[PDB]
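Colleague:
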Amino acid sequence: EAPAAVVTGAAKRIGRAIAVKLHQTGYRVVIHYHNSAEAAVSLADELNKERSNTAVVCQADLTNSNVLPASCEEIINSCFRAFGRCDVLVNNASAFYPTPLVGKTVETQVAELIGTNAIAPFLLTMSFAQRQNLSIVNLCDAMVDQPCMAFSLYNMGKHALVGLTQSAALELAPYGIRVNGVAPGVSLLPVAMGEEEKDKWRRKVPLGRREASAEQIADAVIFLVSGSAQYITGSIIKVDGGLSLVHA
Amino acid sequence: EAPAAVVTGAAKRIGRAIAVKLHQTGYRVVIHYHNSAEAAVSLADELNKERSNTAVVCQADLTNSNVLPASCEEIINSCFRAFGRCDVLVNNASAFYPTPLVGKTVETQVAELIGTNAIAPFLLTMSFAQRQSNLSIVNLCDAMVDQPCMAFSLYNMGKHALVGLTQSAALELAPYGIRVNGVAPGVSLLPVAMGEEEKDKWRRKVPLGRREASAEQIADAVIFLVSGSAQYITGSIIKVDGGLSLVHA
Amino acid sequence: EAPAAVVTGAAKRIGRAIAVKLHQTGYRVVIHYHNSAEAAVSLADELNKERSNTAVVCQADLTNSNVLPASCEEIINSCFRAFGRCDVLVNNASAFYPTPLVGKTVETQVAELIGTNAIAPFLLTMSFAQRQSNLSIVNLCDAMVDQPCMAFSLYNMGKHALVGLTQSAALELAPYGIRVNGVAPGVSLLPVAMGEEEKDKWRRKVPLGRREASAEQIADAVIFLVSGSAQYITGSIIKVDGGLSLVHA
Amino acid sequence: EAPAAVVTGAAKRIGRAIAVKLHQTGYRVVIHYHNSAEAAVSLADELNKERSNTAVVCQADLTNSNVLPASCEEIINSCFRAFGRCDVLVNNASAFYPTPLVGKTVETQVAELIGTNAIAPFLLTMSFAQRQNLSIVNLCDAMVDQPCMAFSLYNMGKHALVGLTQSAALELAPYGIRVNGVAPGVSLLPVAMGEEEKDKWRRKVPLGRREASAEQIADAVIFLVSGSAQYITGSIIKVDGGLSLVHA
Ligand SMILES: NC(=O)c1ccc[n+]([C@@H]2O[C@H](COP(=O)([O-])OP(=O)(O)OC[C@H]3O[C@@H](n4cnc5c(N)ncnc54)[C@H](OP(=O)(O)O)[C@@H]3O)[C@@H](O)[C@H]2O)c1
Ligand SMILES: NC(=O)c1ccc[n+]([C@@H]2O[C@H](COP(=O)([O-])OP(=O)(O)OC[C@H]3O[C@@H](n4cnc5c(N)ncnc54)[C@H](OP(=O)(O)O)[C@@H]3O)[C@@H](O)[C@H]2O)c1
Ligand SMILES: NC(=O)c1ccc[n+]([C@@H]2O[C@H](COP(=O)([O-])OP(=O)(O)OC[C@H]3O[C@@H](n4cnc5c(N)ncnc54)[C@H](OP(=O)(O)O)[C@@H]3O)[C@@H](O)[C@H]2O)c1
Ligand SMILES: NC(=O)c1ccc[n+]([C@@H]2O[C@H](COP(=O)([O-])OP(=O)(O)OC[C@H]3O[C@@H](n4cnc5c(N)ncnc54)[C@H](OP(=O)(O)O)[C@@H]3O)[C@@H](O)[C@H]2O)c1
Ligand SMILES: Nc1nc(=O)c2nc(CNc3ccc(C(=O)N[C@@H](CCC(=O)O)C(=O)O)cc3)cnc2[nH]1
Ligand SMILES: Nc1nc(=O)c2nc(CNc3ccc(C(=O)N[C@@H](CCC(=O)O)C(=O)O)cc3)cnc2[nH]1
Ligand SMILES: Nc1nc(=O)c2nc(CNc3ccc(C(=O)N[C@@H](CCC(=O)O)C(=O)O)cc3)cnc2[nH]1
Ligand SMILES: Nc1nc(=O)c2nc(CNc3ccc(C(=O)N[C@@H](CCC(=O)O)C(=O)O)cc3)cnc2[nH]1
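Chains as they are written, first to last, in my numbering: chain A, 1 to 248; chain R, 249 to 497; chain Z, 498 to 746; chain B, 747 to 994.
This is the structure:
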């Protein structure tokens, strides 16, 4: 039987590329999405056309609330319903926007940013573990220690994610569950961001003066879930072209 | 006029020692507390007996909820009402218990642990900043963030989040002359509930003296960070751990 | 044409497994050795028997001295003479013994330990770069660099220096398309000398499987780093440690 | 009787400020120097004029060689001869220049840079320890993980220094010897550096858009050698105005 993976926020960009590449390796995948139903289903179609009954979608808001544990339990449950197993969890979905210290309410901002980048991954990890080459891969940030100005809540989520990656690695190791991280520097830049500001980030990158493709990020995930990484756990691999190494 | 400091969870242990020592340096202090009303008021009395009208208590639950921003705003507002200013904020209050991955609900656990160690400090930072000398924030971190004790995922996440905030706030508030730093105890005063044999096992682990830090030794670093001897220091986290974090398994 | 790799200290253990696995991927390899001529030549035979003219040995002492630059230049030159190119450098060779602060001279201890773990890698990096497709350097680091063994100061300094080189070379050589990365074993193949009970004490420490990494598992990460699956990776150090570095004292 | 400190490279800049401030706290000091004899003795006079027989100079090259252990032993020995004790060692002296990967020989470059920033501190630590509120303070670099371009050998020394700080801390703690570090971002800039380059670095600094004075660096050293840091060991305090936190 083929192994099965959950990728959260898998409709677009890096999430999609992870899901595709996992599928190409031989995984059956649950494409999680929140608002991008059209794109999520489109990908399920494309993947099922390649091999039948190997892709399903699952809708859930990963914002922190009273229903979030239940929601995360249901994401893991859908992988078991569809595929009879869950071998891999990739924590990709992430809310990302400025929260300056000085029209959402701040408690919504907290809920979305800490919820998506930290709490959901935590609850998903709990369920993944409860329900059992098993491994979890969290998408981190090579820039966590050199954050962007006014992104404190996001940066807190990403720092919390580092903490979870290490803590889960440690606690789940007796279960043969490896927990690791992939940390993009600048990859696909926000679709909204103007081309000029995209270029300013690109010039910063030592290796090639460009962003990572989503496939290059996916490559590291693929390595981390493979048998070439059986001893690797609690490791966060920067895939950043040397960006985090550049001084101000 | 004397400067003024907010210390969260200041009724006992490390919080109390920070509040006392700040007071001894010449700060007027707001003793924040949650359940320890008796001990918080006791400390206010002791400090006011030393110098009149220099200590006040403030009650607030720092659990995450939609009203926590309002609560945190009111803590900072309490310092301005009492003392007419707020020069220092020490983020000390912290929920601490295991949350294994494998009778509180998890939603409560998340709220208490992430709320106390990260979200409250974030909101308190927001208010401190907006309400504005030598201004500085000091967050109590964990020298063991990267070698967490088993099954303390939620706590460890808060503390990691605290590291992120310490650095992010440092960076954002530096144009306001507000320094943001951290003090990172290894093992200090161990939980009152913890058995003595368990306490000893941690003590033996410590390279420098095979003992825990006194609350005073933790406070000392805070005092340094708020002083003029640290005017250029920001986004720094000082381990006060006796070398614990350096010891391999 | 097949690409070519230099692996230093490749006669035994982790170095041999790296060299073997690079060869199995399709690299022609220079087996560097110091003392282990018999084993180095044995591996060259084994590899050449598999594919003819794809393995050569290269003898050099990597101890620091005024002739080490020349020696390191000659190792890189040996790969160009044999194979007409040099696509990959793996910095594996490493002296490893205690140097307590409190019968070699300390001069020799410095030279061996800092020489092998830092200065040779630096000089080899220099020559690799100067003599110039998917070009990359891989340095064997230490997942325990921040929780060192007792009395291993000189070794630990070399390994910390190696971290510095990994990052600095990454940064400087990136305009040349040369990626510099690291693989950091926790406990892998333990010293042949070490008693079995001491070996077991380390093994029990490991969260993932309570065992050491095989040399093959270390090699696997090197293979990943040199591959096209890591084209955007540089200045990254991948722990291959079974969670060891995460375990508190 | 008053405690005694060795400060290496104490004739100018940060070294001088450390030595002065230690003296002001009540230490007798050994001003080590290499080329700056005039400035070193000038400071000895200034300090002895303040309190008699409290300052001595000490000439030594800290370049790596087969005589360096002997030289380092003699620096520590001079403090014992002068003052009958040695309570504090401050590892400040440091060679600093580019060593690009692509007219000194490279073996000299290695010897100066690794010798000054790492090996001398190592040997001085050895002697300090063997000869016995005792503590060692090493001058590190807040930018060690975001190095300047082409400063590989320097950066290696500084990283080696981090290793030594932590390893000595751990090994010397049973002797009551605390080992810690002070990590300047941008402090006093090289005298040679032009003013506009100096400004480019200054603008990078979040806290005040200026470099640290030598005194601000010295303040942290003073804290680390004091009774207010009795439990602190293997800690490296950044004194960098937030510089290391700024992304490219
Ligand atoms: N791109 C980069 O340069 C970069 C750099 C560093 C780290 N990373 C990390 O890599 C991961 C992927 O990056 P990316 O740029 O592809 O991210 P992204 O497009 O910004 O977000 C990925 C997906 O997350 C989902 N999401 C957002 N808010 C959600 C919520 N409240 N509940 C449930 N799902 C939600 C969205 O799903 P729907 O569209 O279906 O609504 C979105 O498509 C993220 O974790 C990111 O932080 C990226
Ligand atoms: N002690 C150590 O070995 C150690 C080690 C590393 C880091 N630290 C950090 O240093 C700080 C102080 O340590 P400690 O041992 O003194 O802490 P603690 O006694 O466990 O907690 C300090 C105070 O936090 C307050 N608190 C707890 N939950 C709260 C909530 N939901 N809302 C508002 N306040 C709440 C409590 O106030 P009330 O009593 O009034 O209810 C408590 O007295 C903490 O941040 C801790 O994480 C300590
Ligand atoms: N094994 C582990 O648990 C572990 C853990 C962390 C990091 N690492 C790192 O991974 C790498 C390989 O580990 P290992 O255990 O396989 O290493 P090792 O056997 O101790 O050393 C590898 C080789 O280095 C060569 N070497 C030693 N001194 C030399 C000198 N002065 N000049 C030239 N070559 C010299 C030796 O070659 P000859 O035999 O031919 O003389 C030796 O075979 C090392 O860099 C090590 O520090 C290993
Ligand atoms: N300045 C900064 O922005 C900055 C930033 C980060 C870290 N740091 C660290 O802080 C410390 C002091 O900084 P600094 O700018 O004051 O240093 P510096 O002026 O560049 O060097 C200090 C002294 O080191 C001595 N020295 C150099 N090479 C030597 C050798 N081969 N043998 C013996 N002594 C030698 C020199 O003594 P003589 O003049 O007598 O010959 C020099 O005066 C250094 O460790 C430095 O790396 C400084
Ligand atoms: N979830 C997620 N999505 C991302 O697109 C992302 N990007 C990065 C690296 N990218 C960025 C992207 C934008 C800015 C930034 O300044 N963003 C402003 C856009 C300003 C503009 O568009 O002019 C923002 O509003 O988000 C910083 C880092 C890191 N983590 C991410 N995480
Ligand atoms: N807020 C806070 N309070 C602390 O007491 C504290 N202590 C440490 C270091 N202390 C500890 C204390 C207990 C355990 C632990 O195993 N605690 C179990 C107690 C087990 C027992 O008492 O037998 C627990 O239930 O908390 C780990 C680290 C770190 N951060 C802290 N943070
Ligand atoms: N080059 C290298 N070789 C290694 O074997 C090695 N091993 C580790 C992890 N291994 C170790 C091995 C031994 C000791 C240790 O206590 N060694 C004593 C042996 C004591 C005994 O054998 O009883 C020694 O003398 O080396 C610590 C960590 C890390 N880096 C390495 N680096
Ligand atoms: N020992 C030491 N001395 C320093 O002056 C020093 N300065 C810094 C921060 N300062 C610097 C200073 C210069 C350059 C730099 O680009 N230096 C060139 C000067 C170029 C010019 O002057 O135009 C050099 O040649 O050193 C980088 C960081 C960090 N560590 C130090 N360490």
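Ideal placement from N, C-alpha and C gives every residue a C-beta, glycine not left out.
Leaving out five residues before and five after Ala467/R in sequence, what residues of the same chain have Cβ atoms less than 6 Å from its Cβ?
Modeller: Correct list, in chain order: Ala265, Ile266 and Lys269.
Colleague: For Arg759/B, which residues in chain R fall below 8 Å Cβ to Cβ?
Modeller: Correct list: empty, because the minimum Cβ distance to chain R is about 16 Å.
Colleague: Could you check whether the Cβ of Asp199/A sits closer than 8 Å to any Cβ belonging to chain D?
Modeller: Absent from the structure: chain D. Protein chains present are A, R, Z and B.
Colleague: Mind checking if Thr256/R is an interface residue toward chain A, Cβ cutoff 8 Å exclusive?
Modeller: Chain A contact via Cβ: absent.
Colleague: Terminal residues of the continuous beta strand (DSSP E) containing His496/R?
Modeller: Looking at the DSSP string, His496/R is not in any beta strand (DSSP E), and its letter there is neither H nor E.
Colleague: Whether or not the region 382-390 of chain R and the region 425-444 of chain R are in contact is what I'm after, with contact meaning three or more pairs of Cβ atoms, one per stretch, closer than 8 Å; do they touch?
Modeller: Verdict: yes, contact present.
Colleague: Under 8 Å between beta-carbons, which chain B residues line up against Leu207/A? List them in chain order, please.
Modeller: Here the premise fails: no neighbours, minimum Cβ distance about 13 Å.
Colleague: Please check if any C-beta of chain Z sits within less than 8 Å of the C-beta of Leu388/R.
Modeller: No, no contact with chain Z.
Colleague: Would you list the one or two residues that DSSP bridges to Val254/R?
Modeller: According to DSSP, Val254/R bridges with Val278/R and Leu337/R.
Colleague: Under the rule that 16 or more other beta-carbon atoms within 10 Å means buried, what is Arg774/B, buried or exposed?
Modeller: Under this definition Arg774/B is a buried residue.
Colleague: Is there a Cβ of chain Z sitting closer than 8 Å to that of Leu170/A, yes or no?
Modeller: Judged by the 8 Å Cβ criterion, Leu170/A is in contact with chain Z.
Colleague: Assign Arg510/Z to buried or exposed, taking buried as 16 or more other Cβ atoms, counted over all protein chains shown, within 10 Å of its Cβ.
Modeller: By the 10 Å Cβ count, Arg510/Z comes out buried.
Colleague: For the structure I just gave you, are there three or more beta carbon pairs, one from the region 903-916 of chain B and one from the region 945-954 of chain B, closer than 8 Å?
Modeller: In short, these stretches do not touch, since the Cβ pair count stays below three.
Colleague: So which of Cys646/Z, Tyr673/Z, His529/Z and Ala608/Z has the shortest CA-CA distance to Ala590/Z?
Modeller: Of the candidates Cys646/Z, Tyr673/Z, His529/Z and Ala608/Z, the one whose C-alpha sits nearest the C-alpha of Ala590/Z is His529/Z.
Colleague: Would you decide whether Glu249/R is buried or exposed? Buried here means 16 or more other CB atoms lie within 10 Å of its CB.
Modeller: The residue is exposed, with fewer than 16 neighbouring Cβ atoms inside 10 Å.
Colleague: Distance cutoff 8 Å, beta carbons only. Does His496/R sit that close to anything in chain A?
Modeller: It does not; no Cβ of chain A falls within 8 Å.
Colleague: Determine the burial state of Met691/Z: buried for a count of at least 16 other Cβ atoms within 10 Å of its Cβ, exposed for fewer.
Modeller: Classification for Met691/Z: exposed.
Colleague: Comparing C-alpha positions only, which one of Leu68/A, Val90/A and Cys86/A sits nearest to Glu112/A?
Modeller: Measuring from the Cα of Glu112/A, the nearest candidate turns out to be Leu68/A.
Colleague: Going residue by residue through the region 179-248 of chain A, where are the continuous alpha helix (DSSP H) segments of at least 4 residues, counting only ones entirely within it?
Modeller: As far as the region 179-248 of chain A is concerned, its whole alpha helix (DSSP H) runs of at least 4 residues are 195-204 and 214-225.
Colleague: State yes or no: is the C-beta of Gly861/B within less than 8 Å of the C-beta of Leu808/B?
Modeller: Their beta carbons are under 8 Å apart, which means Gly861/B touches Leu808/B by this criterion.
Colleague: For the region 598-610 of chain Z, which residues have a beta carbon sitting closer than 7 Å to at least one beta carbon of chain B?
Modeller: If the cut-off is 7 Å between Cβ atoms, the region 598-610 of chain Z has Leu598, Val599, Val603, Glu604 and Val607 near chain B.
Colleague: Starting from the beta carbon of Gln146/A, find every residue of chain B whose beta carbon is closer than 7 Å, and list them in chain order.
Modeller: Here the neighbours are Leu991, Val992 and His993.
Colleague: Residues of chain R with a CB under 8 Å from the CB of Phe151/A: which are they?
Modeller: Here the neighbours are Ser416.
Colleague: Can we count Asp309/R as close to ligand 2, meaning its CB is less than 7 Å from some heavy atom?
Modeller: Yes - ligand 2 has a heavy atom lying nearer than 7 Å to the Cβ of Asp309/R.
Colleague: Between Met193/A and chain B, is the shortest Cβ-Cβ distance under 8 Å, so that the two count as touching?
Modeller: Chain B, which has no Cβ nearer than 8 Å to the Cβ of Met193/A, makes this no.
Colleague: Below 9 Å on C-beta distance, what does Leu89/A contact in chain R?
Modeller: Within 9 Å Cβ-Cβ: nothing; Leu89/A doesn't reach chain R, min ~12 Å.
Colleague: When the Cα of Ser235/A is compared with those of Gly732/Z, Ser742/Z and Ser726/Z, which residue comes out closest?
Modeller: Nearest option by C-alpha distance: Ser742/Z.
Colleague: Could you check if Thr116/A belongs to the surroundings of ligand 1, using beta carbon to heavy atom distance under 7 Å?
Modeller: Because some heavy atom of ligand 1 lies under 7 Å away, the Cβ of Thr116/A counts as near it: yes.
Colleague: First and last residue of the beta strand (DSSP E) that includes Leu870/B?
Modeller: That residue, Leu870/B, is in no beta strand (DSSP E); its alpha helix (DSSP H) goes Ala866 to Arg877.
Colleague: Give the DSSP-derived three-state secondary structure of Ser575/Z in the structure shown.
Modeller: In this structure, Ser575/Z counts as helix in the three-state DSSP scheme.
Colleague: So, for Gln855/B: in the same chain, excluding its five sequence neighbours on each side, which residues have a beta-carbon less than 7 Å away from its beta-carbon?
Modeller: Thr845 and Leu899, listed in sequence order.
Colleague: Please confirm whether residue 998/B has its beta-carbon closer than 8 Å to some beta-carbon of chain Z.
Modeller: Absent from the structure is residue 998/B, since the part of chain B shown begins at 747 and ends at 994.
Colleague: Mind listing the chain Z neighbours of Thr233/A? Cutoff is C-beta to C-beta under 9 Å, in chain order.
Modeller: Chain Z residues near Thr233/A: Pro704, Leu705, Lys736, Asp738, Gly739, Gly740 and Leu743.
Colleague: Check whether chain Z comes within 8 Å of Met374/R, counting only Cβ atoms and requiring the distance to be less than that.
Modeller: False, the Cβ-Cβ gap to chain Z never drops below 8 Å.
Colleague: For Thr125/A, count neighbouring C-beta atoms within 10 Å of its own C-beta (all shown protein chains included) and say buried if the count is 16 or more, exposed if not.
Modeller: So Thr125/A counts as buried.
Colleague: Is the CB of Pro682/Z under 8 Å away from at least one CB in chain B?
Modeller: It does not; no Cβ of chain B falls within 8 Å.
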